[PDB]
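Source file: final_11.cif (mmCIF, C-alpha atoms and all ligand atoms)
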data_input
#
loop_
_atom_site.label_atom_id
_atom_site.label_comp_id
_atom_site.auth_asym_id
_atom_site.auth_seq_id
_atom_site.Cartn_x
_atom_site.Cartn_y
_atom_site.Cartn_z
CA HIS A 8 28.07 21.03 -8.77
CA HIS A 9 28.49 17.66 -7.17
CA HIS A 10 26.74 16.98 -3.83
CA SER A 11 27.28 15.09 -0.60
CA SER A 12 26.12 11.55 0.06
CA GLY A 13 22.47 10.94 0.96
CA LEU A 14 20.43 8.02 2.31
CA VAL A 15 20.94 5.81 -0.76
CA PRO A 16 24.33 5.04 -2.29
CA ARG A 17 25.12 6.77 -5.62
CA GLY A 18 26.49 3.52 -6.96
CA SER A 19 23.17 1.75 -6.68
CA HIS A 20 21.82 4.04 -9.50
CA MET A 21 18.51 3.52 -7.70
CA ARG A 22 18.28 6.67 -5.56
CA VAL A 23 14.56 7.78 -5.67
CA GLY A 24 13.21 11.25 -5.23
CA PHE A 25 9.41 11.42 -4.63
CA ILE A 26 7.28 14.41 -5.57
CA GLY A 27 3.70 14.71 -4.15
CA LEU A 28 3.08 13.43 -0.65
CA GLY A 29 -0.72 13.18 -0.83
CA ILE A 30 -3.19 10.46 0.17
CA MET A 31 -1.32 8.01 -2.17
CA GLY A 32 2.15 9.58 -2.29
CA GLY A 33 2.78 9.68 1.48
CA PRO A 34 2.29 5.91 2.00
CA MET A 35 4.00 5.05 -1.34
CA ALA A 36 7.11 7.13 -0.40
CA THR A 37 7.09 5.58 3.07
CA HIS A 38 7.23 2.16 1.42
CA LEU A 39 10.18 3.20 -0.70
CA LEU A 40 11.94 4.47 2.50
CA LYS A 41 11.32 1.10 4.26
CA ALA A 42 12.85 -0.66 1.21
CA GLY A 43 15.90 1.54 1.10
CA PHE A 44 15.25 3.45 -2.12
CA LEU A 45 14.07 6.82 -0.87
CA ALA A 46 16.65 9.56 -0.83
CA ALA A 47 14.63 12.76 -1.14
CA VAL A 48 11.09 14.21 -1.21
CA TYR A 49 9.48 17.37 -2.45
CA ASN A 50 6.04 18.61 -1.52
CA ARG A 51 4.41 21.90 -2.47
CA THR A 52 3.10 22.17 1.08
CA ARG A 53 6.16 21.76 3.27
CA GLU A 54 4.49 20.45 6.39
CA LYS A 55 3.73 17.07 4.77
CA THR A 56 7.52 16.49 4.35
CA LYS A 57 8.00 16.57 8.09
CA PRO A 58 7.64 12.89 8.87
CA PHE A 59 10.16 12.17 6.16
CA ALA A 60 12.65 14.77 7.41
CA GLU A 61 12.31 13.15 10.87
CA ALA A 62 13.58 9.91 9.32
CA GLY A 63 16.54 11.72 7.62
CA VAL A 64 15.10 12.02 4.09
CA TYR A 65 16.42 15.12 2.32
CA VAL A 66 13.66 17.68 1.76
CA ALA A 67 14.23 19.50 -1.46
CA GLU A 68 13.57 23.15 -2.13
CA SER A 69 12.18 22.50 -5.61
CA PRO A 70 11.78 19.64 -8.12
CA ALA A 71 15.07 20.73 -9.75
CA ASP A 72 16.90 20.53 -6.39
CA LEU A 73 15.45 17.04 -5.90
CA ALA A 74 16.36 15.83 -9.46
CA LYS A 75 19.99 16.68 -9.17
CA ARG A 76 20.34 14.30 -6.23
CA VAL A 77 18.59 11.21 -7.45
CA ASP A 78 18.45 8.59 -10.34
CA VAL A 79 14.69 8.11 -10.44
CA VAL A 80 11.99 10.80 -9.90
CA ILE A 81 8.53 9.53 -9.02
CA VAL A 82 5.64 11.99 -9.45
CA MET A 83 2.32 11.45 -7.64
CA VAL A 84 0.55 14.80 -8.04
CA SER A 85 -3.07 15.44 -9.03
CA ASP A 86 -3.48 16.17 -12.70
CA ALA A 87 -1.53 16.59 -15.95
CA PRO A 88 -1.01 20.38 -15.50
CA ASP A 89 0.48 19.64 -12.09
CA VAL A 90 2.89 17.12 -13.68
CA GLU A 91 3.80 19.82 -16.21
CA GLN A 92 4.61 22.30 -13.51
CA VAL A 93 6.80 19.89 -11.52
CA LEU A 94 8.67 18.61 -14.65
CA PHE A 95 8.90 21.74 -16.84
CA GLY A 96 8.34 24.84 -14.64
CA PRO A 97 11.04 27.36 -13.79
CA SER A 98 12.58 25.17 -11.07
CA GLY A 99 11.12 21.90 -12.49
CA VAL A 100 12.82 18.52 -12.76
CA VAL A 101 14.36 19.35 -16.18
CA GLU A 102 16.30 22.29 -14.63
CA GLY A 103 18.19 19.99 -12.26
CA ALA A 104 18.25 16.54 -13.89
CA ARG A 105 21.33 15.02 -15.52
CA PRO A 106 20.84 12.93 -18.68
CA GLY A 107 19.94 9.37 -17.77
CA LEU A 108 17.60 10.25 -14.97
CA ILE A 109 14.32 8.40 -15.18
CA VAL A 110 10.96 10.13 -14.47
CA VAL A 111 8.08 7.81 -13.47
CA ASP A 112 4.64 9.45 -13.48
CA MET A 113 2.46 7.40 -11.16
CA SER A 114 -0.46 9.87 -11.23
CA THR A 115 -3.42 9.38 -13.53
CA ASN A 116 -3.83 11.37 -16.77
CA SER A 117 -3.96 9.99 -20.35
CA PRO A 118 -1.98 8.25 -23.03
CA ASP A 119 -1.60 11.52 -24.91
CA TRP A 120 -0.21 13.28 -21.90
CA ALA A 121 2.20 10.40 -21.15
CA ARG A 122 3.55 10.61 -24.71
CA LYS A 123 3.87 14.38 -24.51
CA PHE A 124 5.80 14.19 -21.22
CA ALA A 125 8.11 11.54 -22.68
CA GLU A 126 8.76 13.55 -25.82
CA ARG A 127 9.57 16.70 -23.88
CA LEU A 128 11.81 14.94 -21.36
CA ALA A 129 13.75 13.09 -24.14
CA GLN A 130 14.98 16.52 -25.33
CA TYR A 131 16.94 16.63 -22.03
CA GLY A 132 18.10 12.99 -22.25
CA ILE A 133 15.59 12.05 -19.52
CA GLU A 134 13.74 8.72 -19.63
CA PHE A 135 10.02 8.30 -18.83
CA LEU A 136 7.55 5.70 -17.71
CA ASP A 137 3.81 6.11 -16.99
CA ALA A 138 2.99 3.85 -14.11
CA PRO A 139 -0.43 4.66 -12.64
CA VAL A 140 -1.84 2.55 -9.90
CA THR A 141 -5.06 1.04 -8.56
CA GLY A 142 -5.98 -0.29 -5.15
CA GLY A 143 -6.87 2.95 -3.41
CA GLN A 144 -5.48 4.53 -0.32
CA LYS A 145 -5.76 1.10 1.41
CA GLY A 146 -3.54 -0.48 -1.28
CA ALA A 147 -1.03 2.32 -0.95
CA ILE A 148 -0.86 1.90 2.82
CA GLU A 149 -0.59 -1.93 2.59
CA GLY A 150 1.92 -1.91 -0.33
CA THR A 151 -0.38 -4.05 -2.43
CA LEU A 152 -1.09 -1.60 -5.30
CA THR A 153 -1.60 -2.95 -8.80
CA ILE A 154 0.78 -0.89 -10.95
CA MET A 155 0.29 -0.70 -14.72
CA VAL A 156 3.30 0.49 -16.66
CA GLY A 157 4.00 1.98 -20.09
CA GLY A 158 7.48 2.66 -21.54
CA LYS A 159 10.74 0.89 -22.44
CA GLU A 160 10.49 -2.68 -21.34
CA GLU A 161 14.15 -2.58 -20.27
CA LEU A 162 13.30 0.21 -17.83
CA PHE A 163 10.30 -1.64 -16.49
CA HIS A 164 12.64 -4.43 -15.64
CA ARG A 165 15.33 -2.12 -14.19
CA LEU A 166 12.69 -0.50 -11.90
CA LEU A 167 10.87 -3.63 -10.86
CA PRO A 168 12.42 -3.62 -7.32
CA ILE A 169 11.14 -0.04 -6.82
CA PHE A 170 7.65 -0.97 -8.09
CA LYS A 171 7.58 -4.10 -5.79
CA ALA A 172 8.26 -1.90 -2.74
CA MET A 173 4.95 -0.08 -3.41
CA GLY A 174 2.81 -2.76 -5.05
CA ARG A 175 2.09 -6.46 -5.53
CA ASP A 176 0.85 -7.06 -9.08
CA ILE A 177 3.18 -5.13 -11.39
CA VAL A 178 1.99 -5.32 -15.02
CA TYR A 179 3.89 -4.16 -18.08
CA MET A 180 1.28 -2.85 -20.48
CA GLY A 181 3.34 -1.69 -23.40
CA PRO A 182 4.98 1.50 -24.83
CA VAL A 183 4.63 5.00 -23.34
CA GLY A 184 1.06 5.76 -22.63
CA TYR A 185 -0.09 2.20 -22.29
CA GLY A 186 -0.09 2.46 -18.47
CA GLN A 187 -2.40 5.47 -18.68
CA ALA A 188 -4.52 3.60 -21.22
CA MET A 189 -5.02 0.73 -18.86
CA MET A 190 -5.80 3.17 -16.12
CA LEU A 191 -8.50 4.86 -18.16
CA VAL A 192 -10.10 1.45 -18.66
CA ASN A 193 -9.79 0.82 -14.96
CA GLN A 194 -11.36 4.18 -14.09
CA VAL A 195 -14.43 3.48 -16.36
CA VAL A 196 -14.98 0.41 -14.24
CA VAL A 197 -14.26 2.01 -10.90
CA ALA A 198 -16.55 4.99 -11.66
CA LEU A 199 -19.52 2.81 -12.68
CA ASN A 200 -18.95 0.30 -9.85
CA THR A 201 -19.07 3.33 -7.45
CA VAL A 202 -22.27 4.74 -9.02
CA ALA A 203 -23.63 1.12 -8.67
CA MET A 204 -22.92 1.11 -4.96
CA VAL A 205 -24.29 4.58 -4.26
CA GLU A 206 -27.57 3.92 -6.20
CA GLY A 207 -28.03 0.52 -4.52
CA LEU A 208 -27.60 2.22 -1.10
CA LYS A 209 -29.96 5.06 -1.98
CA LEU A 210 -32.59 2.46 -2.93
CA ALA A 211 -31.90 0.30 0.17
CA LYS A 212 -32.28 3.29 2.49
CA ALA A 213 -35.54 4.34 0.74
CA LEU A 214 -36.85 0.72 1.15
CA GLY A 215 -36.02 0.79 4.89
CA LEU A 216 -33.77 -2.24 4.80
CA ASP A 217 -31.42 -3.30 7.61
CA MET A 218 -28.04 -2.00 6.60
CA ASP A 219 -26.21 -4.86 8.30
CA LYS A 220 -27.96 -7.31 6.02
CA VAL A 221 -27.65 -5.06 2.93
CA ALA A 222 -23.88 -4.96 3.51
CA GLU A 223 -23.79 -8.72 3.99
CA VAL A 224 -25.67 -9.45 0.75
CA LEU A 225 -23.79 -6.89 -1.36
CA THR A 226 -20.44 -7.82 -0.17
CA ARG A 227 -21.15 -11.05 -2.34
CA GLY A 228 -21.91 -12.51 -5.85
CA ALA A 229 -21.78 -10.64 -8.42
CA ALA A 230 -22.93 -7.43 -6.84
CA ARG A 231 -19.74 -7.55 -4.84
CA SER A 232 -16.98 -5.12 -6.06
CA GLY A 233 -13.66 -3.45 -5.01
CA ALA A 234 -15.63 -0.18 -4.58
CA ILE A 235 -18.01 -1.92 -2.02
CA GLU A 236 -15.15 -3.56 -0.22
CA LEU A 237 -13.04 -0.36 -0.01
CA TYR A 238 -15.76 2.20 0.68
CA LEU A 239 -19.09 0.76 1.82
CA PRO A 240 -18.01 0.61 5.53
CA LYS A 241 -17.00 4.30 5.40
CA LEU A 242 -20.20 5.25 3.63
CA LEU A 243 -22.41 3.45 6.17
CA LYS A 244 -20.58 5.37 8.95
CA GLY A 245 -21.15 8.68 7.14
CA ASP A 246 -17.37 9.08 6.68
CA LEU A 247 -17.29 10.99 3.41
CA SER A 248 -13.49 11.66 3.43
CA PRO A 249 -11.14 10.44 0.70
CA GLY A 250 -10.23 7.83 -0.14
CA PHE A 251 -10.24 9.01 -3.74
CA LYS A 252 -11.33 12.61 -4.32
CA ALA A 253 -14.32 13.20 -6.53
CA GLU A 254 -12.45 15.94 -8.42
CA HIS A 255 -9.81 13.45 -9.41
CA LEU A 256 -12.32 10.97 -10.73
CA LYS A 257 -13.99 13.77 -12.70
CA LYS A 258 -10.61 14.53 -14.22
CA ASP A 259 -10.02 10.86 -15.07
CA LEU A 260 -13.46 10.57 -16.73
CA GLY A 261 -12.74 13.66 -18.81
CA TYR A 262 -9.71 11.88 -20.22
CA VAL A 263 -11.74 8.71 -20.76
CA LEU A 264 -14.35 10.65 -22.81
CA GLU A 265 -11.64 12.46 -24.85
CA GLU A 266 -10.06 9.15 -25.74
CA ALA A 267 -13.49 7.54 -26.51
CA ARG A 268 -14.37 10.41 -28.86
CA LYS A 269 -10.93 10.13 -30.57
CA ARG A 270 -11.61 6.46 -31.14
CA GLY A 271 -15.27 6.63 -32.16
CA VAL A 272 -16.51 4.65 -29.14
CA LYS A 273 -19.72 5.62 -27.33
CA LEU A 274 -19.62 5.11 -23.50
CA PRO A 275 -22.95 6.37 -22.21
CA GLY A 276 -22.28 5.11 -18.68
CA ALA A 277 -18.96 6.86 -18.44
CA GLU A 278 -20.61 10.03 -19.84
CA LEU A 279 -23.28 9.87 -17.06
CA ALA A 280 -20.61 9.26 -14.43
CA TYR A 281 -18.69 12.28 -15.68
CA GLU A 282 -21.84 14.42 -15.44
CA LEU A 283 -22.53 13.20 -11.92
CA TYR A 284 -19.03 13.84 -10.66
CA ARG A 285 -18.84 17.17 -12.54
CA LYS A 286 -21.95 18.24 -10.60
CA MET A 287 -20.36 17.07 -7.38
CA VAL A 288 -17.34 19.30 -7.96
CA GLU A 289 -19.58 22.28 -8.96
CA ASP A 290 -21.50 21.74 -5.70
CA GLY A 291 -18.40 22.09 -3.67
CA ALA A 292 -17.81 18.43 -2.76
CA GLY A 293 -14.73 17.82 -5.13
CA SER A 294 -12.54 17.07 -2.12
CA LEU A 295 -14.89 14.39 -0.68
CA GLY A 296 -14.41 10.71 -1.53
CA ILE A 297 -16.05 9.35 -4.68
CA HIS A 298 -18.22 7.18 -2.44
CA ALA A 299 -19.98 10.33 -1.12
CA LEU A 300 -21.73 10.81 -4.51
CA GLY A 301 -25.44 10.93 -3.83
CA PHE A 302 -24.88 11.52 -0.09
CA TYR A 303 -23.07 14.86 0.07
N1 LIG B 1 -6.61 8.31 -3.80
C1 LIG B 1 -6.81 7.23 -4.55
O1 LIG B 1 -7.53 6.33 -4.23
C2 LIG B 1 -6.03 7.17 -5.85
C3 LIG B 1 -5.88 5.83 -6.35
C4 LIG B 1 -5.11 5.70 -7.56
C5 LIG B 1 -4.62 6.81 -8.19
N2 LIG B 1 -4.86 8.05 -7.71
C6 LIG B 1 -4.30 9.10 -8.50
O2 LIG B 1 -3.10 9.54 -7.85
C7 LIG B 1 -2.81 10.99 -7.96
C8 LIG B 1 -2.62 11.50 -6.54
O3 LIG B 1 -3.88 11.27 -5.87
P1 LIG B 1 -4.00 11.48 -4.31
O4 LIG B 1 -5.25 10.76 -3.91
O5 LIG B 1 -2.70 11.21 -3.61
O6 LIG B 1 -4.32 13.10 -4.25
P2 LIG B 1 -4.14 14.18 -3.13
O7 LIG B 1 -4.29 13.55 -1.76
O8 LIG B 1 -5.09 15.30 -3.58
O9 LIG B 1 -2.63 14.65 -3.24
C9 LIG B 1 -2.21 15.41 -4.43
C10 LIG B 1 -0.75 15.66 -4.16
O10 LIG B 1 -0.29 16.38 -5.39
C11 LIG B 1 0.42 17.57 -4.94
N3 LIG B 1 0.17 18.57 -5.97
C12 LIG B 1 -1.04 18.83 -6.64
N4 LIG B 1 -0.87 19.81 -7.54
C13 LIG B 1 0.45 20.15 -7.51
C14 LIG B 1 1.25 21.12 -8.12
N5 LIG B 1 0.79 21.90 -9.15
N6 LIG B 1 2.53 21.20 -7.82
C15 LIG B 1 3.09 20.40 -6.85
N7 LIG B 1 2.37 19.49 -6.19
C16 LIG B 1 1.05 19.41 -6.48
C17 LIG B 1 -0.31 17.86 -3.62
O11 LIG B 1 0.50 18.83 -2.94
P3 LIG B 1 -0.07 19.53 -1.54
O12 LIG B 1 0.26 18.59 -0.44
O13 LIG B 1 0.67 20.80 -1.51
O14 LIG B 1 -1.59 19.75 -1.73
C18 LIG B 1 -0.41 16.52 -2.98
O15 LIG B 1 0.92 16.08 -2.53
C19 LIG B 1 -4.02 11.48 -8.69
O16 LIG B 1 -3.68 11.56 -10.16
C20 LIG B 1 -5.08 10.45 -8.50
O17 LIG B 1 -6.13 10.45 -9.54
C21 LIG B 1 -5.48 8.23 -6.52
#

Let me see the structure of the file written as structure tokens.
Amino acid sequence: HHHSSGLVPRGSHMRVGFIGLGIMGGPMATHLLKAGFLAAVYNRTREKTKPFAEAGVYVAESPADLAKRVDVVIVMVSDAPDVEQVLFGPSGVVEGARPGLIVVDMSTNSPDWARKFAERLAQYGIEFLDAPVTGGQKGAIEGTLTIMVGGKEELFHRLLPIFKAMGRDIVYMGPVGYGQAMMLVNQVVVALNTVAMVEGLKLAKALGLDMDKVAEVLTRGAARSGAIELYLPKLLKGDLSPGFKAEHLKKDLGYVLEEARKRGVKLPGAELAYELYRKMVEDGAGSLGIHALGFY
């Protein structure tokens, strides 16, 4: 069936549907709405679609109902199995998309998963990019995300206006899976920079140092990091909320270690970080921010 007009003209070929209105997806979709690209949203939990319905965005009943109404589907759900459900489940994107739709997975998973999604979607004549992001919840809210993209270079270029609504530095990394590969590199660094912060704070509190001065010194050379700038003021206030959930970093480190074993590289720091965050999930703190490691 054909459908009535929505917020974004059909002739633009740039109607976006957004799936996953979480800590990152809510602000990212709001940015696409401010820029005039957002036509529709889907969220598993309906209440989070409310603020978008109040601004006239269509709230779909399923990923398939969303895909039939848009040119570009952006997915920002938790993990690879979640992406599988929203693309390939009974009422997934592939059950409503027309050939020529583009799926952009902006969640974090792995190069292998990106290539699998692309291969499966190409059976339906659906295009795919992996475009994971860094900059945290603050970057999402401010629209300043760094977005790292794998797929057809032509499609990177066609979607650049959509990526610039959500982010600032938009980097084309290479073929499918190269955005996830860059993200796995990024998440090695983020995890170990976060363990750096939490161990420095544990030592500073054991030494009885003035936290005002500890924050002053650390917020500078070359101890200073993104993880300190984004999270040390929440940590010092005892605000353990995400931020970035510990269960999601555990997931990212699992993919890092799988890729390192495939390639014959030993990453003992990433292995330790995985163990630490695995324990944090087993202890029941998987939904706290990664900065609560050591303090939960
Ligand atoms: N937070 C950060 O700092 C950050 C930074 C960069 C990248 N990331 C990556 O971005 C992705 C999203 O992270 P987030 O922080 O936004 O997580 P989040 O706040 O936990 O939100 C996850 C979202 O995914 C939806 N979802 C999860 N499983 C699903 C399923 N099977 N079917 C349908 N929807 C499902 C959730 O729906 P409900 O609302 O129903 O729960 C929610 O909208 C993750 O891959 C994460 O690693 C996060």

- [ ] Using only C-alpha atoms, determine which residues lie at most 10 Å from segment 102-106 of chain A, disregarding the query and same-chain residues fewer than 6 positions distant; provide the list as a PyMOL selection string.
- [x] chain A and resi 69-80+94-96+128-134

- [ ] Skip residue 286 of chain A itself and residues of its chain fewer than 6 positions away, then list as a ChimeraX atom specification all residues within 12 Å of it, counting all atoms listed in the file.
- [x] /A:253-254,257,279-280,292-293,300-301,303

Restricted to C-alpha atoms, what would the selected residues look like written as a PDB file, keeping the file's coordinate frame?
ATOM      1  CA  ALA A 253     -14.320  13.200  -6.530  1.00  0.00           C
ATOM      2  CA  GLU A 254     -12.450  15.940  -8.420  1.00  0.00           C
ATOM      3  CA  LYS A 257     -13.990  13.770 -12.700  1.00  0.00           C
ATOM      4  CA  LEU A 279     -23.280   9.870 -17.060  1.00  0.00           C
ATOM      5  CA  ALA A 280     -20.610   9.260 -14.430  1.00  0.00           C
ATOM      6  CA  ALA A 292     -17.810  18.430  -2.760  1.00  0.00           C
ATOM      7  CA  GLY A 293     -14.730  17.820  -5.130  1.00  0.00           C
ATOM      8  CA  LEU A 300     -21.730  10.810  -4.510  1.00  0.00           C
ATOM      9  CA  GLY A 301     -25.440  10.930  -3.830  1.00  0.00           C
ATOM     10  CA  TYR A 303     -23.070  14.860   0.070  1.00  0.00           C
TER      11      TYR A 303
END

Task: Atom pair atom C11 of ligand LIG 1 (chain B) / atom CA of residue 40 of chain A: separation (Å) - done: 19.0 Å

What lies within 8 Å of segment 262-276 of chain A using all atoms listed in the file, ignoring chain neighbours under 3 positions off, as a CSV table (one decimal) with C-alpha atoms, in the frame of the given file?
chain,number,residue,atom,x,y,z
A,116,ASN,CA,-3.8,11.4,-16.8
A,117,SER,CA,-4.0,10.0,-20.4
A,191,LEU,CA,-8.5,4.9,-18.2
A,192,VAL,CA,-10.1,1.4,-18.7
A,195,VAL,CA,-14.4,3.5,-16.4
A,199,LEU,CA,-19.5,2.8,-12.7
A,258,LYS,CA,-10.6,14.5,-14.2
A,259,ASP,CA,-10.0,10.9,-15.1
A,279,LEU,CA,-23.3,9.9,-17.1
A,280,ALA,CA,-20.6,9.3,-14.4

Task: Of the listed residues A:217, A:112, A:223, A:161, that which approaches ligand LIG 1 (chain B) most closely, counting all atoms listed in the file - done: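 Closest candidate: A:112.
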
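Counting only C-alpha atoms and all ligand atoms and comparing A:166, A:242, A:213, A:256, the residue that lies closest to ligand LIG 1 (chain B) is A:256.
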
TODO: Set the cut-off to 8 Å, count only C-alpha atoms and all ligand atoms, and list whatever residues fall near ligand LIG 1 (chain B) as a PyMOL selection string.
DONE: chain A and resi 26-33+50-53+55+83-93+113-116+139-145+249-252+255-256+258-259+294

Open item on the list: At a cut-off of 8 Å, using only C-alpha atoms, what residues contact residue 125 of chain A? Leave out same-chain residues fewer than 5 positions from it and give the result as a list in words.
Closed with: residues 134, 135, 136 and 183 of chain A

TODO: Go through A:41, A:179, A:184, A:108 one by one, measure the shortest atom-to-atom distance of each to residue 22 of chain A using only C-alpha atoms, and give the residue with the smallest value.
DONE: A:108

Open item on the list: Taking only C-alpha atoms into account, name the residue in A:37, A:147, A:185, A:222 that is nearest to residue 243 of chain A.
Closed with: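 The shortest atom-to-atom distance to residue 243 of chain A comes from A:222.
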
Task: Pick from A:261, A:221, A:211, A:181, whichever lies nearest to residue 194 of chain A using only C-alpha atoms - done: A:261

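Interatomic distance, atom CA of residue 190 of chain A against atom CA of residue 126 of chain A: 20.3 Å.
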
- [ ] Could you check how far atom CA of residue 111 of chain A sits from atom CA of residue 34 of chain A, in Å to one decimal?
- [x]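 Atom CA of residue 111 of chain A sits 16.6 Å away from atom CA of residue 34 of chain A.
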
Task: Neighbours of point (-14.1, -2.7, -1.0) within 12 Å, using only C-alpha atoms, written as number ranges by chain - done: A: 142-146, 197, 200-201, 204, 222, 225-227, 230-242, 250, 298

Open item on the list: Counting all atoms listed in the file, which residues sit no farther than 10 Å from the position (18.2, 0.0, 1.5) in the file's frame? I'd like them as a ChimeraX atom specification.
Closed with: /A:14-16,19,21-22,39-46

Task: Nearest candidate to residue 209 of chain A (options A:180, A:162, A:152, A:299; using only C-alpha atoms) - done: A:299

Task: Non-local contacts of residue 171 of chain A (10 Å; all atoms listed in the file; under 2 positions in same chain excluded) as a list in words - done: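 These residues fall inside the cut-off: residues 38, 39, 42, 150, 151, 152, 153, 154, 166, 167, 168, 169, 173, 174, 175, 176 and 177 of chain A.
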
Centre, x/y/z edge lengths, axis-aligned box for segment 88-99 of chain A with 4 Å per side, as lines of an AutoDock Vina configuration file:
center_x = 5.8
center_y = 22.2
center_z = -14.0
size_x = 21.6
size_y = 18.2
size_z = 13.8
